[PDB]
Structures are given as C-alpha cells and as structure tokens.
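K.L.:
sequence, then the experimental structure. Questions to follow.
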Number of protein chains: 6
Amino acid sequence: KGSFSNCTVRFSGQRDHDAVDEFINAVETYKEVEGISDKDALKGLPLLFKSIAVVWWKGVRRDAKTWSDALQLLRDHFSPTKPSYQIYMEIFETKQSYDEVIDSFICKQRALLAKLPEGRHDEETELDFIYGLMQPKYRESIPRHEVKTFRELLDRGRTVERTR
Amino acid sequence: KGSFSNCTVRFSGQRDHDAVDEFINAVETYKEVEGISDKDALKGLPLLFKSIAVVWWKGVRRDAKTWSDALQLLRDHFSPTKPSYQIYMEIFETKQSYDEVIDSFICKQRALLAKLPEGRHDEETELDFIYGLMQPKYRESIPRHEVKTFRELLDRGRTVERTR
Amino acid sequence: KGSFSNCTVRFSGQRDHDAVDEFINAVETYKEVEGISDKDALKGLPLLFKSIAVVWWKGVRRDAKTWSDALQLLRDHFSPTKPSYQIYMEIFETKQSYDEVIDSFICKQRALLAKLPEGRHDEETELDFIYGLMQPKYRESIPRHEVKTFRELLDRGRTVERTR
Amino acid sequence: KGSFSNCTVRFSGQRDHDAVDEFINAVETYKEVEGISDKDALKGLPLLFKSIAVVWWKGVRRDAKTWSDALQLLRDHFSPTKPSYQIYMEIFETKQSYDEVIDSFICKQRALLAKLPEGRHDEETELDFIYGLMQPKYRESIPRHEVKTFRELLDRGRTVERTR
Amino acid sequence: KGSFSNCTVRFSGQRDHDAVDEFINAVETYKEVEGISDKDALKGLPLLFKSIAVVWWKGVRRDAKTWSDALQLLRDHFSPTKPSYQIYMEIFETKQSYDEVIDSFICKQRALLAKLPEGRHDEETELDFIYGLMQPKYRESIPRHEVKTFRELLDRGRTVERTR
Amino acid sequence: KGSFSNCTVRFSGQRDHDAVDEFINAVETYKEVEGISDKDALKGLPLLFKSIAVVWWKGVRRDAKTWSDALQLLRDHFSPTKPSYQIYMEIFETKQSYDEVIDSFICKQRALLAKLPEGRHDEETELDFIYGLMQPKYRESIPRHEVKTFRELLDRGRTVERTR
C-alpha cells in the first residue's frame, strides 16, 4: 500500500511561483493516483518539508483543520498574489531592446499581463500594447488597424524576421 | 489504469518541425494506449512543460477547454505551417553530398515534401525530382524511365550500394 | 505485514537539540501514518540505531518496557528537554538586524514560541512581543492597535519592504 | 493492463547490423515474456522510436498491417539481411593470431556461424573449419580425430594454455 | 513475507567488537521481525559478505548446518572474548579528557566493562572506578558516598553540566 | 506482476569465481522470491547478458532444454573447476613473508585448500601444513603437537602478535 513515505519531488520554499505550482500539482496528482483519503493526507504532511519550511510548519500547525485550508495556506504564505499597480508599473518598465526575437518578447509580456483580474481586458486592449512598445525596426513595416486579432501580429512579424 | 503520472518524453520549445511533431505523436499514442479519459488528460498537462514553454502555457490557459483545441493551439504557435515558396526554395538549396546512404536522404526528402497541400502532386512528379537531384554515383547506372513507383528506386539503389 | 524496514531518517547521537527533535518528530509521525501497533514497535527499534548509539542500547535496554518510556529515555539521555524559563530568557535574547526579510524573523519567532505548553497564550498576547522586537524601519509606519489578526503584520510589512 | 510503457532498449537507426539485431532480438523476447498480444502491439509501436526514425515512421506507416510485416520492414529499410555466401566468404576471412585466448575465438566463430539456417549442419561438419583455422601453438599437440564432442577442444586447449 | 532479499547492513571483517556486535544485533532483529524461517535463513547468508570475509566464509562452509552454530562460528573468529587482564589494563589506560560530556564516557565505560564474566562484580564496586576516572570539574562538587545507584551519578552530573 | 524485466545486478563474464557465484545466487533468490515458473524462466534469460556473454549465448542456445542444465552450463563454461595437481602446486608456492598478519594468511590458505575433493583431508593433516608454512618469528614460540585443533593455532598466534 504505502502512504506518503517519500516522493520524487519535495519542497524548499524559494519564493517563486513556478516551483510551488509544480510541487503542489505533483502532490495533487500523486494523491489522486494513489487513492489516499483526506483524513490520512493531513497527518502525513510534515514528512515532505525539509528546509526552513518545516520550522514554518511548526508554527502554523494548529491553524489548519482540513486538507483544503491547509493546502490553501501554502499558496497564501509563499505566493504573494501581487496587487494591481505594481503589475501595471512593471509592464511599462523595460522597452524591447535590439537583437531580441519578437516571439519570446510577446510571450513574456502575455505571461506578465495574464496575472490581472479576469474580465478587465479583452483582446483589443491587449493588442494595442505590443505594437505600441516594439522597436522602430518592426513599427515601420506593420501599422496599427491592419492586425485585428493576436495571431496576425506574430504572422507579419515572422516574415520581417525572415528577411531582416 | 493510470492518470498520466509521469512519462519519458518532454518538451522544450525549440521551434523546429521534427521535435514538435514527435512530441504530439508520442503524447497522442500514449493517451490511446493507457486508456486516459478525455477530460482528465488536460488537468495533468502542465507537468510536461519545463522551459520557456511554461511561460507560453501560462498566457493561454484560458483559451482552450477541449483536448483537441489545446492540441491545435500547441501546433499553431510552434510549427506554423510555413508557405509553399519556402519549401520549394528549400528542396533545391541542398544537393546530395558524397558517401551518404540513399535511405536517410529519401526519408528527409519525403518528410520535407509532405508539408505541401495534399492533392497538388501526383506520384510521377515526386519521382522526377528525386532521380535528378542524386549524386553521379547513382545516375550513371540508373537512368530515367526505368523506375515508376517510388519503391523501385530504393530497390535498384540498394543493389548498387551493396555491389559498391 | 512489515514494520520498520528502513527509511532515510536514522539517528546517530550528535548531542544537538535540533537533530534529536527532528528524529523524534519524524518517527512519531511515521508511527501514526504507517499504522504500526504499540506493542510491536519495541521489537523493531534497533534497526534504526546504526552508530555509537547501538552500543548505548545494549546497556540500558532493560529499563524500558513500553514505547512511551523508551521514547522518554531516548529523549532524556541525549537532550536536556529545555524548560520554559530558558525559552523566555532566550526569546528577547536577540533583536532584529538591518536588511533582513520580515518573513524569516516571524517564522523564527513562531517556531521558537510553539514549544511552549498549549493553551496558556492566546493570540493577543503573542503579537505584542514581536511588535516590540521589530526594527525601527518597520515600527515608524506600522503602529500598535492598527493590527488585530496575525496576518495583518505581514500584509502591512510587505508594502514597506517593497517601498524601500 | 499495460503494454509497451518504456524500457532501456530504444532504437535510433545507426546503420550497423549489430545494433539493429540486438534491438530486434530484445523486442522479440520482451513480446513473448510480457505476454503482449499480436494485434495490440502495432498501436504501441512509436513509443520506442525517439530519434530520426520517428520521422521515418510517419512516411511508411501505411505499408504495414500486421506485426510480422512491420518487423520485416524495420529490418529491410535499415539492415541488408546478409545471405549465406557472404557469411561463408567471411568466416575463413581472418585467422587466429598470437597471444589470444582460445575461448574468445571459439565464441566468435560459433556466434558468427549460428546465423546460418538451422538443420543443415550437424556437429561433425562444424569441427573441421575450426580445426583448420587453429594457431599452430595448438595444432601441434592436439590433432584431428582425437576429439569428438565440442567440449573436448576447449578441455584439451586449456591444458596447453596453462602449460605455456 | 520475504525471504531475505536485500537489506541495509553489511559486514567487512574489521576485527573490532562494536561493528561485529552491531552486525549480529541487526541480523538477529531483522530475522525475528520479518518472519523468516530457521532453515531458509542460511541459504541467503553469503549475500551479505563483501570482502576478505567472503574468503573466510568459503573455508568454513562445511562446518555449520544450524543457524545458531553459524552465528557462534561468526562470533568466535572476529570478536574472540579477550581475557580479563587486557580489559583491566585497558580501563586504566585512558583518563577523562576535558570538555567531554559524561554520557558518552559512561556509555563507553559500561560497554567496555560488560565484557567481564558476569557475577564477578556487584553494583557497589563499579561506581568507585567511574568516580576515580572523572575530571576534576566533577569531583570537587560531587564527593564520594553521596551516590549509591548508578543512575544518580548521571542525575547529579547533568545538573552541574547545565549550570556550567 | 513482472518477470525478468531487469535486475539490480547483471552479468559481465570476467573469469572469476566470486562474481559468477554472486550473480547466480542473486538470480536464484530473485526467482524464488518473485514466484516465476521454470518454463517462463528460460525464455526470459537473454535479457540479462550484455557483454560478450550474449554472443556466447547466441551459440549454445539450442544446447540447453530445461532451467537446470542451462544454469549448470553457466558454471561449466566460466568457472574452470581446476584439477588436483595445480592446486597442490599452488599451496607450496608462496612462503609467508614478513609484516603479514597470521589470520589473513591462514584464511587465504584455507580458502585455497578447500577446493579439493571432500573426504581426502581431515583437520589433522591441515594443522601440520599450516605449522609448516610459517616464518621463524612464529615457529620459535609454538611447537607442533601442542596445538591439537585448528583454533588453538590462532589462539597462541594472537598472543605472540600482541607482544611482538
């Protein structure tokens, strides 16, 4: 049988979204695939933490009752869920420099801008910003109001990438 | 049995056709073999991403709900179905170098020629380009109009290769 | 069947409080997780001691007849089980220094305070000591009686940390 | 359930007879050991090809409808399935050199001879070729018609090897 | 369940008392825990030997048939029950060095004194020797005739150690 | 379930008794603990060999029918089972040199002399040979006919080892 003896991955607490999301997703899919009940899951929790997360868990052990709130607390204390104005300040900080590919740039900008509350920004508003911030090497060939959707910007960008 | 715990293949976002096609082939074969349900396959999908493509998947999580739409969304950004004139200029940008076997050559040529729109070329036209493009080790013993079907070219090539 | 085959957590007698406390905690959680019965755990005890301590278990084996007395003996012979007065004279012992993240300080304070007997200190009393101990980079803009819940201290400290 | 999840033996197309023969042998023994049925093995075939060959399987997939024809195609496209006459003109090709252990020579000769069709050569016929190719450090004291069984050659060769 | 497949502990043949006693203790505890039959334990015994002791076990395989006789044969050659005058000359060849805790000292002294014939020393005779052996950090505050039982010496030592 | 997919140890064929004995013992205890039948065991045999043992097995595959003869052949071809006169020549070759312990010497001599046919040599002949093969540093203090059994030689040797 076995229940939370060890795992392939463990936790370290390094103040990053990707590591804690990978850890919590691997823990959830292991709990789903093994068949462990919810009552057995919380009691076998302190075998996972090894770094200074375990002296964090030594403090707030009595604060949690069920598996849901105890899993919610791990997202609350280590992932900051930043407010609005810092994210809005962050997008207008770094202009696109030279010798950088357009695709990774728009990829990083979309991953940065996806953290806002949903329903505030459709594809028209999002589409204004990338064209507005590109170098003059891109802005000469493609104008605004030609690229309606979001795929067409990358589509006309790759052709000017090819010729260069 | 199984709910997509962990497997061998992984993705990087290299922007080549071969790795992206191999990844989709391996995942779509494993899903049909192991017997994983259609809804349950999507919840285990960000366990495979490891790289710049995690930044990609974080931006378009709200776009796809069905597994087929997520598969087409994975195909659309990386392997973009480049137009015809790039392929036609690419099939003539490389001749056959010496001491190279005919099998890997005809495999790469068919894999590069299969990107065209289907129904635009018969069997005879493809057979013409392959005979003309080969090294003069083969053209002096294999003349045109002997072979018609695409298998007899390899059949008459491997004998001359074995004879050396 | 199967009880106490092997694991990573082994004990060696290094005369420090942290290592013996982590060992006793890990064994005590493993006993409740795996379901090992009380009377059967005493037989499989020297599979863990592979150190100088296996010489020690040959000397004082006959003093223990139950699992609780054996655990208390293993605590008593190696760890002096520090009382409350040294904890209270050790909490105010050190202050907060410059350029230190507030989360590490709060985690250290709660981890050092959770060893007290449970039920003697509610939430209002614990907060005052941490507020008093805080660095005057934090105490100028965050006064007492504005915070009630323990989360409010971290939530108002992160803004002053970001403001710089 | 479960059929062809993963293993160490993977195929890459390295154009050498030894690697493809070891791969076909290992897959053929795994099929009989694990109990994978005949019709179900064709679906789980491209989980092994993670190389240039996964491009090759997209080209010629429709030529195979059974497992035997697929195995023959995988043999035919990469390995020229050497006939008997090259084996007989390659066995006498090399002799025995000085300071060589007799066991390695007999193992090489039997491994190179076992690829012949079974039932055409009994035990008396094989002995003649090995005896003829023996290094005259061995042929002076061990003449023909003293040995009958194949073990007698090694058993009388080890004494002359030890005598030095 | 289990028929002695593989475990953690292993033997080397170091010719010290502690490692040889720890090995026999671990094996005799594992045999009683896992439920391995008396005859079946001997057939899996040369899987544990790794060293010069394999050369030892190859010589005396025909000597033992029962597990108890094989255990005594393993005890007889390595830990040879050295005579009394070596132990009596050894218990006085080492005084107590400074900054050394009393627990490891009394543990090593009892483990070295337990090699004597039992029934040759009462409880009173051991205590005087331990008192004579100790550093003058302890003798000035703990005088003779205060302690009688062997536990009260450690009880009156740990308080002076905590006071420092 | 599983049956001979892989193992912890595999085979290499390095002309040594200890390696092939360890391999054959691990294979036998794995077959006993897993519950594999005898018919399934021979068919799953060629997954183990990786070195030049596999081209040895490619020759003699048809020579074996059952598991017993196929396991007997592995001891026959790789372990030489030396005859009498070479073993009798080997024991009188190397005299005991200086600064060498008596115990490892008599251990190596017993492991060498145990390979003879059983019943030819009791304990009286062996003691005389051991007395005969030692330096004058040992022969002065202990004479023949004082040490009746075999333990007493080591017993009186360790005392002259101690004083030296």
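P.N.:
It's in. Numbers count the residues shown, from 1 in each chain, chains lettered A, B, ... in the order given.

K.L.:
do the longest helix anywhere in chain A and chain B meet at all?
P.N.:
Scanning chain A for the helix with the most residues, using DSSP state H, yields helix A:17-34. Yes. Judged by C-beta under 8 Å from any C-beta of the partner chain, helix A:17-34 comes into contact with chain B through A:18, A:21, A:22, A:25, A:26, A:29, A:30, A:32, A:33. All C-beta spots, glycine's among them, are computed from the backbone N, C-alpha and C.

K.L.:
CA atoms only for that helix, dumped as CSV, please.
P.N.:
Only the C-alpha atoms of helix A:17-34 are listed here, as CSV (Å, rounded to 0.1, in the frame of the first residue of the first chain):
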residue,chain,number,x,y,z
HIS,A,17,5.6,30.8,-8.4
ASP,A,18,6.7,28.0,-10.8
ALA,A,19,8.4,25.8,-8.1
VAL,A,20,5.5,25.9,-5.7
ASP,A,21,3.0,25.3,-8.5
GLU,A,22,5.0,22.3,-9.8
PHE,A,23,5.2,20.9,-6.2
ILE,A,24,1.5,21.4,-5.5
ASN,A,25,0.5,19.9,-8.8
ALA,A,26,2.7,16.8,-8.3
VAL,A,27,1.4,16.3,-4.8
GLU,A,28,-2.2,16.6,-6.0
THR,A,29,-1.8,14.1,-8.9
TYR,A,30,0.1,11.7,-6.6
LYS,A,31,-2.8,11.9,-4.0
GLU,A,32,-5.3,11.3,-6.8
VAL,A,33,-3.4,8.4,-8.4
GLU,A,34,-2.6,6.6,-5.1
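
K.L.:
that one vs chain C: in contact?
P.N.:
No. Contact of helix A:17-34 with chain C is not found when judged by C-beta under 8 Å from any C-beta; the minimum separation is 13.0 Å.

K.L.:
quick one: is that helix near chain D?
P.N.:
No. Helix A:17-34 lies out of reach of chain D by C-beta under 8 Å from any C-beta, never closer than 14.2 Å.

K.L.:
helices or strands next to that helix in the packing?
P.N.:
Where contact means 3 or more C-beta pairs under 8 Å, 6 or more residues apart in numbering or on different chains; DSSP states H and E, helix A:17-34 is packed against helix A:67-78.

K.L.:
chain A against chain B: which residues are in contact?
P.N.:
Counting by C-beta under 8 Å from any C-beta, chain A sits next to chain B at A:8, A:18, A:21-22, A:25-26, A:29-30, A:32-33, A:103-104, A:107-108, A:110-111, A:114, A:118, A:151, A:154, A:158.

K.L.:
going by neighbour count, which of the residues you listed are buried?
P.N.:
Buried members of those, counted by 16 or more other C-beta atoms under 10 Å in any protein chain shown: A:22, A:26, A:29, A:30, A:103, A:107, A:110, A:111, A:114, A:154.

K.L.:
measure the fourth one to residue F:16 for me?
P.N.:
For residue A:30, the distance to residue F:16 equals 44 Å [C-beta to C-beta, to the nearest Å].

K.L.:
and the residues of helix A:17-34 next to chain B, which is closest to chain D?
P.N.:
Each of the residues of helix A:17-34 next to chain B was checked against chain D using C-beta to the nearest C-beta; the closest is residue A:33, at 14.2 Å.

K.L.:
ok, now how distant is that closest one from chain E?
P.N.:
Going from residue A:33 to chain E by C-beta to the nearest C-beta, to the nearest Å gives 25 Å.

K.L.:
which stretches of chain A form helices?
P.N.:
A:17-34, A:38-43, A:53-57, A:67-78, A:84-91, A:102-113, A:123-133, A:136-139, A:151-163.

K.L.:
from the centre of chain A, point out the most distant residue.
P.N.:
residue A:1 (34.6 Å; C-alpha atoms, centre = their mean).

K.L.:
how close does it sit to chain D?
P.N.:
Counting by C-beta to the nearest C-beta, the gap from residue A:1 to chain D is 20 Å.

K.L.:
check residue A:79 too.
P.N.:
The value you get for residue A:79 to chain D, if C-beta to the nearest C-beta is used, is 34 Å.

K.L.:
and that residue, how many neighbours does it have?
P.N.:
Applying other C-beta atoms under 10 Å in any protein chain shown, we find 14 other residues in the vicinity of residue A:79.

K.L.:
same check, this time on residue A:142
P.N.:
17.

K.L.:
from chain A, which residue is nearest to chain B?
P.N.:
Counting by C-beta to the nearest C-beta, chain A gets nearest chain B through residue A:110, at 3.6 Å.

K.L.:
residue B:61 is in contact with that residue, correct?
P.N.:
No. Contact criterion C-beta atoms under 8 Å: residue A:110 and residue B:61 do not qualify, at 10.8 Å.

K.L.:
find the nearest non-adjacent residue to the closest residue to chain C within chain A, please.
P.N.:
Nearest to chain C, among the residues of chain A, is residue A:59, at 3.3 Å (C-beta to the nearest C-beta). The spatially closest residue to residue A:59, leaving aside those adjacent along the chain, is residue C:110, at 3.3 Å (C-beta to C-beta, 6 or more residues apart in numbering or on different chains).

K.L.:
spit out the contact partners of that neighbour.
P.N.:
A:58, A:59, A:60 (C-beta atoms under 8 Å, 6 or more residues apart in numbering or on different chains).

K.L.:
rewinding a little: and the residue farthest from the centre of chain A, how far from residue F:134?
P.N.:
60 Å.

K.L.:
and residue A:6, by the same measure?
P.N.:
Residue A:6 is 54 Å from residue F:134, by C-beta to C-beta.

K.L.:
neighbours of the residue of chain A closest to chain C, just the number please.
P.N.:
18.

K.L.:
I figured it hits residue C:108, correct?
P.N.:
No. Residue A:59 lies out of contact with residue C:108 (C-beta under 8 Å); the separation is 9.3 Å.

K.L.:
what's the domain layout of chain A?
P.N.:
A:17-78, A:84-163 (automatic domain parsing).

K.L.:
one step back: give me the contacts around the longest helix of chain A.
P.N.:
So helix A:17-34 is contacted by A:2-3, A:7-12, A:41, A:48, A:71, A:74-75, A:78-79, B:2-5, B:44, B:46-47, B:54 (C-beta under 8 Å, 6+ apart).

K.L.:
stretch A:144-152 too?
P.N.:
Residues contacting stretch A:144-152 (C-beta under 8 Å, 6+ apart): A:123, A:126, A:127, A:128, A:131, A:153, A:156, B:76.

K.L.:
just the residues you listed that are near chain F?
P.N.:
Among those, no residue sits close to chain F (C-beta under 8 Å from any C-beta).

K.L.:
will you turn those into a markdown table that also has neighbour count?
P.N.:
Listed next are those as a markdown table, based on neighbours: other C-beta atoms under 10 Å in any protein chain shown:
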| residue | neighbour count |
| --- | --- |
| A:123 | 9 |
| A:126 | 14 |
| A:127 | 17 |
| A:128 | 10 |
| A:131 | 16 |
| A:153 | 20 |
| A:156 | 16 |
| B:76 | 11 |
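
K.L.:
which one of the residues you listed sits closest to chain D?
P.N.:
Using C-beta to the nearest C-beta, residue B:76 comes nearest to chain D of the contacts of stretch A:144-152, at 19.4 Å.

K.L.:
what's near enough to touch the closest one?
P.N.:
residue A:151.

K.L.:
got it, and residue A:12?
P.N.:
With C-beta under 8 Å, 6+ apart, residue A:12 has these contacts: A:19, A:50, A:51, A:53.
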